[PDB]
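Asker: Have a look at this one before I ask anything.
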Amino acid sequence: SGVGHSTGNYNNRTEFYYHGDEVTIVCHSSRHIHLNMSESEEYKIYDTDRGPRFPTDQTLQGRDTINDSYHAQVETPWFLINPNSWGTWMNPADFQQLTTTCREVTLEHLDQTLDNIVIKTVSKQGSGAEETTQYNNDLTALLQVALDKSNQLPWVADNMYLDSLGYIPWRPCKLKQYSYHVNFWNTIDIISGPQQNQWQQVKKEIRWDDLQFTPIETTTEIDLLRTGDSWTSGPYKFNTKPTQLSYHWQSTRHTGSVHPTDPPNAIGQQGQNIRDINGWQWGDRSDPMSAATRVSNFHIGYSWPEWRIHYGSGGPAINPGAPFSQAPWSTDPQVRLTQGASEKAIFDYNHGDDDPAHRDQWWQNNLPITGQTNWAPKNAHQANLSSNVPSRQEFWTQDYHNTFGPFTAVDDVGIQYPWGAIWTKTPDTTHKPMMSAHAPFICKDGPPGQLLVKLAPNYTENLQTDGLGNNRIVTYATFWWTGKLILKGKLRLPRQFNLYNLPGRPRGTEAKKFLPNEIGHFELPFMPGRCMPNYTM
Amino acid sequence: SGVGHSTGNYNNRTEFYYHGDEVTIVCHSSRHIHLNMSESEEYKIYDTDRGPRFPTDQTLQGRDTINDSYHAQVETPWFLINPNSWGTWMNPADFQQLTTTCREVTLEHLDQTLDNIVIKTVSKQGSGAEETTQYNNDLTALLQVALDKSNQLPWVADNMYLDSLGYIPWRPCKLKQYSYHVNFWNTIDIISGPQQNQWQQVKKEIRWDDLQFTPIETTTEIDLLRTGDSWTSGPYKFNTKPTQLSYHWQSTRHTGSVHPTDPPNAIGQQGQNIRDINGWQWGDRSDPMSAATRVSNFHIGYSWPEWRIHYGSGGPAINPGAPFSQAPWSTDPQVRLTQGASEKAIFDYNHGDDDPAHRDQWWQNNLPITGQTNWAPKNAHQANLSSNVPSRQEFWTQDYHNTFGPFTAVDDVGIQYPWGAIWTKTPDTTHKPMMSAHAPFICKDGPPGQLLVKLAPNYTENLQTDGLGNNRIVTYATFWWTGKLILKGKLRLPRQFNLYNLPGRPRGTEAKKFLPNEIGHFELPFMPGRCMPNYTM
Amino acid sequence: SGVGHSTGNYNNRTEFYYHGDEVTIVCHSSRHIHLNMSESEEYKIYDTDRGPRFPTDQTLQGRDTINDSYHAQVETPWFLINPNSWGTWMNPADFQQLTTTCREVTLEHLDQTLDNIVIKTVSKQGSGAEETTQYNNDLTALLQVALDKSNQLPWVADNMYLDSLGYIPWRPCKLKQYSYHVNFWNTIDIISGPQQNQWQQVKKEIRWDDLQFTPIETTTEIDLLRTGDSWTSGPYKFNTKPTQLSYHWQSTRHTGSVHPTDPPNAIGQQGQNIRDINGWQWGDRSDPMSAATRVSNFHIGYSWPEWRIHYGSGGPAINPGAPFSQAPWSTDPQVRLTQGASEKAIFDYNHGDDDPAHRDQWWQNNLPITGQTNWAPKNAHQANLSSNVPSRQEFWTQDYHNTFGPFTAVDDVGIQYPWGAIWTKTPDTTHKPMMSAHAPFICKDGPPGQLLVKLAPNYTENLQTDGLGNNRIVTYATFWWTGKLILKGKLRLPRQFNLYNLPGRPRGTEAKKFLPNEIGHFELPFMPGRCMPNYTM
């Protein structure tokens, strides 16, 4: 109510409601957010240095140009609260209850609030030796809150770089400055020079004639909040398609009808293949009837020119490729095969690292999902397919061709528990993208708004235009973000006779981790998301 | 009704109902099915031998690895009745009435029954010299019938390998054992070894830690049927999109507005092209105005790295490619060009071969459909397109690039009368496949159930756990499968002035075939399905 | 309906219905039962030989007398169908869905039927060399079915010796003869003779003056069933108490409030115990304040004189003891410590062995359940408990005393998936037993009836009083037992933050087992039943 009455109740809890075949998950989440002043209220547009490791000479002949940090950003004074992640919502054990008991999951509703604003000012008083800091509550101070529900501001809320509320409910969350890119041209030609051994810079610049520059003030309607105030975004209903929580093991060989076979006899025999069968084939091929050249309706998985560096305007990037596993081709573990569109997640203490002052690294190799595996080197093509064997010519080996076509079916990476986006917004273009390399859900109209908070500046008695921070009072606010999202799901009913054998968390892990140390340091486990097997076709 | 009263009437007949512009085909079908005992009631999981012709040495350096029969299956005691084919429904002359008088065909309703169960036991009695077999009807015997309408069991009902009810109504149909694949890894690396001349086996195995093994018993609700019983599946309504019964001859050159031209004069002149015309072009190209570089909205047909061997997990496979004709590039008939995604159909006596004890082979070369023809060798690309001719560089010839893109339009293979699937099920994945290399119809939700029949085991007085078949009585049942499917179609109204000239069945055929011999042996004709020409754009 | 119309549908399937916090499991089960004739229609009362390994001399001085097979039974012509087991109802994967998603399980309803009776006669005809057997259905034959719902006949339906319907739905089940014990005295005195080194037989006999002998005919109302008949027992509602599916790890040291402690500092320190604390103790003990002598309300687990041989009337037996784990005391795995009231299950091919002609053995060591562990040797007692240390006297070590008392709390063995009784009946006595060493559920009024089937005798034309089997016709019947039981349960909601780590099936197991061999031989896995941890107090 007033100054002395609190507003919301901290509720961090999930509720599974089963009715019939439709489960309904309600994920409450609440975090204590530490919002600290600002670097400067002025909006700034500036480029950056090229970056680390970027070559200054020609030796590796531009193979190091894959390292480019050059970018041009506009850094605003505002701050960003994005509850886009798993683990901002569900704790590990309530994700496991969901992953086993649900087949397809669907977002429906979302809610956000802010409450229990607490604004304080530090006061430096002392000889410089002692120099006590003294904290004084501000009952007159303000907290500007802007929810861009009109989907006007640049979205830039995706979870890449892992700027999100922490994954551990009892720790304070320091927010992250808001900023977005401005149009810039970074073009590197690695093919230049004699014998194409010389990389050469082309155009590096911010292109000024076109800059679309929007401040947060003019774009939306800001809500000023004194300590005794609370802010509730509102109901937001998602419109999406359900995902799948079960991985697929069927390639195109595991797919159709089965090659006719006579059974074995005793426990030592493999049985035999009927030498003469009837069925469709591909070429003039007849005599060696086989399951390899069997015609199938669809093909599953596609070749890709793997790790393709884009070198577009603005800099080099990577086109994702296809998310498949190297397990069939593993052979010796000594080599690390990265080509499955694997992802490494470099994360921080608040994000589920254990030891502070260092970065724990977790490499996702996608071991469950096979049968979608097409390794571009290993493929091949023939000129003539028939009962005759091709010559040394007519047979090609190293390809790296895009084999994506109208017949192919593919899988997304699914949901990844500790780190991953929940939703995403689609670029508005002709031909919206079909699927996404990371986020499981794709918003059809808008993304669910975006929440920007800035701590209204407190200025000293002297206000000088030349002054920046020497002119404002040091302050920090701490408020409580309480969100709620509602999931719907279909219930998963056991389809098999034998028990479910799982890796049961990554098998290369120790259970002494994941549990609080003597200090309280512990790592969150990486749940595969897409987990139990299923029949593709 | 009871023991002595029959149930259903054999009805094998099609009914064309014309009302307005909407034709309705009702295809009744009925078959006499001979269901013979079983190999063993136990569910068995076993791999197979590699296969025939698979090389045991390194000579052809792995070019023979395209022959791989290795697979791992689980063979169940059940049997499969799949009425998925054309020719299980319509006879040749009622397909021709449909193909001429209908434009687009659509599945709507489907029905299946079983009736007039007859169960018998053989009895061996004699000196071994005479050894009479004597048949005794079983009024107490059972016939387990399971319709997996819940789309739980693996589907594996596609018509590849041509396991389907026979195409000739008056002959008995022997059923086919039901089985499906289990997860296995067959990985062949043909690029291994020094100078990449050595193929090397990698991993061949059944991967046991993950097997999804479902018996038919626990998965569904089985219906026990004594002789006086009949079983009716139920109404099943398809949800699909109409196909097209007319082939397209228009490439991208036949498509748009026509290059302005002055007419000829007499019967000996070809007319001339206006040298100076106005219109769009592509590059800086101006002076040689031509219909080649005319801009067009869409492109029709796409290049493919033709006969691409996948070598995925589980074994080598083939990615289909595009269904086009070699007729433009035919030149001499002496060479057989297989690259049009052609298909050979190896079929059997009951499936429309004439002479038993041998396999008749029918190679579908897709002669009608051209203009979609893109032969990957023949293409090329240039660096700069302009009024200047490129040099020896800047022009490339042999490509084998996938040219499928956002602008391309393509065609399916359509329906193929004697042999082809009717429907199919889509793999449940992100990005469902667009079209299918074989089956014309693609089910959106489920496929129309699947019908499994097993003959309930009759055990001898002594039941020993060590015994298998020595412990059960020889038996065979014969029942009558009567299906009905309802098609809707749009009526085809003649759009042209001149007569329709058709090849009128393949022109390389004799009409003395296709008609019963002195013995009664005759071959079913291959109707192209997609037949009459039409305007693409 | 009649002769040619079947009756029931084979349904072997489980249905999970979730509504609110109350899950409802409905387990259908159906089996094909092979009922083979009988040994003799006469009721026989006879003793047995003593048994194997029972000593005939005095060497081991009676330590082998623990092996006594002597018993006196009355073997009736009837046969017993007992669906008392887990695995007659649920398959492994639907037990795992239940065990994870349910907290406490409760029996409610039960149902049984018989249908599709098929009666046949073998006919021996030949020279003795060939000697064909020929099978002829009997439409006039009968099948006597007696359901003793009046709880009159001896119950003797418990699952010990594992006489139950098979655990694999697709295999035929051979029934088991019905018989029960008659009063007999087998008394062995192992303490007899000089220096108590001589075991001496006392009284071995059937005590005739008291025999309570009840035939099945006079006791109940039998229902004669011809082939066209079906029999439905009826609704039976259980009255019981829910069990617990979660094991308890808390001993009496893990139970109460926690000894006050100052925290450690860095990751290398264990922290310290406050030397001076306030709280209750036991004796005059004060100065060494410790958590050992802390007073607690209850004690958990009790000592027992473990493996106590009873040597009552009728023979030696074993009083069960307490079901605890040896894991804390394990030390080297080389020794097998059996004293936890462990159980070995010797089972058969149809009961989940893989290889026939041999017995697979599975030893249940109860690894999950600790904290209830009291190993009678390791305990001790003191005369005076105080700040003074006792002398060599006043301290005793080897006890083997029953420590069960009014303060102790204990756990049952819970449910054991492949092999275990579901229900049991309580002996009707003053002071009904509290808990049971094996079966999880204990019926308050009756057990759910008992189903006895006998195949009505077919006699040859000559009926002689001297004749037994030479006077009746060889016959066997095969019918379909279809049961249904309904379970209610409370839903299990995750109470912890961290993931659930399970042994994930016994960790000493291979997954290549449990799946059908090339022959179809596979073993059912042993699910612990009581599985996830929980807080005792």
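Same order as they appear, the protein sequences are chains I, A and B. In this text, residue positions in the first sequence follow the entry's author numbering: the first is 33, and each later residue adds one. In this text, residue positions in the second sequence follow the entry's author numbering: the first is 33, and each later residue adds one. In this text, residue positions in the third sequence follow the entry's author numbering: the first is 33, and each later residue adds one. Just so it is clear, CB atoms sit at the ideal spot from N, CA and C, and this is done for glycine as well.
Assuming contact is defined by CB atoms lying nearer than 8 Å, are residue 395 of chain B and residue 376 of chain B in contact in what I supplied?
Answerer: Yes, they are a contact pair.
Asker: Quick one: give me the first and last residue of the alpha helix (DSSP H) that residue 248 of chain A is part of.
Answerer: Counting along the chain, the alpha helix (DSSP H) containing residue 248 of chain A begins and ends at 248-251.
Asker: Below 8 Å between beta carbons is the criterion; list the residues of the stretch 430-449 of chain A that meet it against any residue of chain I, in chain order.
Answerer: Listed by position along the chain: 432, 433, 434, 436, 438, 442.
Asker: How far does the beta strand (DSSP E) with residue 176 of chain A in it extend, from its first residue to its last?
Answerer: Start and end: 176-179.
Asker: Can you give the beta carbon distance from residue 288 of chain I to residue 106 of chain A, rounded, assuming they're within the 8 Å contact cut?
Answerer: No, residue 288 of chain I and residue 106 of chain A are not in contact; Cβ-Cβ is about 15 Å, not under 8 Å.
Asker: Measuring alpha carbon to alpha carbon, tell me which of B/385, B/248, B/213 ends up nearest residue 242 of chain B.
Answerer: Ranking the options by Cα distance to residue 242 of chain B, first place goes to B/213.
Asker: Spatial neighbours of residue 384 of chain B within its chain, please: CB distance less than 7 Å, with the 5 preceding and 5 following residues excluded, ordered by chain position.
Answerer: Excluding sequence neighbours, residue 384 of chain B sits near 199, 450, 555, 556.
Asker: Would you call residue 110 of chain B buried or exposed, if buried means 16 or more other Cβ atoms sit within 10 Å of its Cβ?
Answerer: Buried, since its Cβ has 16 or more Cβ neighbours within 10 Å.
Asker: Between residue 574 of chain I and residue 168 of chain I, what straight-line distance do the alpha-carbon atoms span, to the nearest angstrom?
Answerer: Because chain I in this structure spans residues 33 to 569, residue 574 of chain I falls outside the shown range and cannot be described.
Asker: Taking the alpha-carbon positions, what's the residue 249 of chain A to residue 181 of chain A distance?
Answerer: Looking at the two C-alpha atoms, the distance is approximately 14 Å.
Asker: I need the boundaries of the beta strand (DSSP E) containing residue 147 of chain B, first residue and last residue.
Answerer: 134-157 is the span of the beta strand (DSSP E), which, as asked, contains residue 147 of chain B.
Asker: Quick one: does the C-beta of residue 136 of chain A sit closer than 7 Å to a heavy atom of the ligand NAP?
Answerer: No copy of the ligand NAP appears in this structure; indeed no ligand is present at all.
Asker: What beta strand (DSSP E) runs, 3 residues minimum, are completely inside the stretch 420-504 of chain B?
Answerer: List check, beta strand (DSSP E) in window: 483-486.
Asker: For residue 354 of chain I, which beta-bridge partners are listed by DSSP?
Answerer: Answer is none; residue 354 of chain I lacks a bridge partner.
Asker: Note down the Cα distance separating residue 172 of chain I from residue 380 of chain I, rounded to an integer number of angstroms.
Answerer: About 36 Å.
Asker: Taking its Cβ as the centre, do 16 or more other Cβ atoms sit within 10 Å of residue 439 of chain A, making it buried, or is it exposed?
Answerer: Exposed.
Asker: Output yes or no for whether 8 Å exceeds the beta carbon distance between residue 218 of chain I and residue 78 of chain I.
Answerer: Not closer than 8 Å, so no.
Asker: Where does residue 410 of chain B sit, in a helix, a strand or coil, going by DSSP?
Answerer: Residue 410 of chain B falls in the helix class under three-state DSSP.
Asker: Mind listing the chain A neighbours of residue 333 of chain I? Cutoff is C-beta to C-beta under 7 Å, in chain order.
Answerer: What residue 333 of chain I touches in chain A: 344.
Asker: Could you tell me which chain B residues have their CB closer than 8 Å to the CB of residue 126 of chain I, listed as they occur along the chain?
Answerer: The contacting residues are 526.
Asker: Using the rule of at least 16 other Cβ atoms within 10 Å of the residue's Cβ for burial, across every protein chain shown, is residue 509 of chain B buried or exposed?
Answerer: Its Cβ being crowded by 16 or more others within 10 Å, residue 509 of chain B is buried.
Asker: Mind listing the chain I neighbours of residue 146 of chain A? Cutoff is C-beta to C-beta under 8 Å, in chain order.
Answerer: Those do not exist, as residue 146 of chain A stays about 22 Å from chain I at its closest Cβ, beyond 8 Å.
Asker: If you compare alpha carbons, which of I/486, I/333, I/420, I/358 is closest to residue 69 of chain I?
Answerer: Checked all of I/486, I/333, I/420, I/358; the closest Cα to residue 69 of chain I is I/486.
Asker: For residue 388 of chain A, tell me which candidate among A/87, A/135, A/98, A/549 has the shortest Cα-Cα distance.
Answerer: Residue A/549 is the option with its Cα nearest to residue 388 of chain A.
Asker: Are at least three pairs of beta-carbons, each pair with one atom in the stretch 316-323 of chain B and one in the stretch 412-432 of chain B, less than 8 Å apart?
Answerer: Yes: at least three Cβ pairs fall under 8 Å.
Asker: Looking at the structure shown, is residue 98 of chain I part of a helix, part of a strand, or coil, going by DSSP?
Answerer: Three-state result, residue 98 of chain I: helix.
Asker: Taking Cβ positions, are residue 62 of chain B and residue 42 of chain B nearer each other than 8 Å?
Answerer: Taking 8 Å as the Cβ cut-off, residue 62 of chain B and residue 42 of chain B qualify as a contacting pair.
Asker: Would residue 49 of chain A be called buried (16 or more neighbouring beta carbons within 10 Å of its own) or exposed?
Answerer: Exposed, by the Cβ-count rule.
Asker: Residue 467 of chain I: which of I/170, I/354, I/534, I/515 sits nearest, CA to CA?
Answerer: Looking at the Cα atoms, I/354 is the closest of the given residues.
Asker: Tell me whether residue 330 of chain B is buried or exposed, calling it buried when 16 or more other Cβ atoms sit within 10 Å of its Cβ.
Answerer: Under this definition residue 330 of chain B is an exposed residue.
Asker: Using a beta-carbon distance cut-off of less than 9 Å, what residues from the stretch 280-301 of chain I approach chain B?
Answerer: If the cut-off is 9 Å between Cβ atoms, the stretch 280-301 of chain I has 295, 296, 297, 298, 299, 300, 301 near chain B.
Asker: I'd like to know whether the C-beta of residue 536 of chain I is nearer than 8 Å to at least one C-beta of chain B.
Answerer: Chain B contact via Cβ: present.
Asker: DSSP state of residue 42 of chain B, grouped into three classes?
Answerer: It is coil, neither helix nor strand.
Asker: To test your reading of the DSSP string, which unbroken alpha helix (DSSP H) runs of 4 or more residues are found completely within the stretch 504-545 of chain A?
Answerer: Those alpha helix (DSSP H) runs which fall completely within the stretch 504-545 of chain A and span 4+ residues do not exist here.
Asker: Cβ closer than 9 Å: which chain A residues qualify as neighbours of residue 324 of chain B?
Answerer: The premise fails here: residue 324 of chain B is roughly 46 Å from chain A at the closest Cβ pair, so nothing lies under 9 Å.
Asker: Quick one: Cα of residue 99 of chain B to Cα of residue 86 of chain B, how far?
Answerer: Between residue 99 of chain B and residue 86 of chain B, the C-alpha separation is close to 6 Å.
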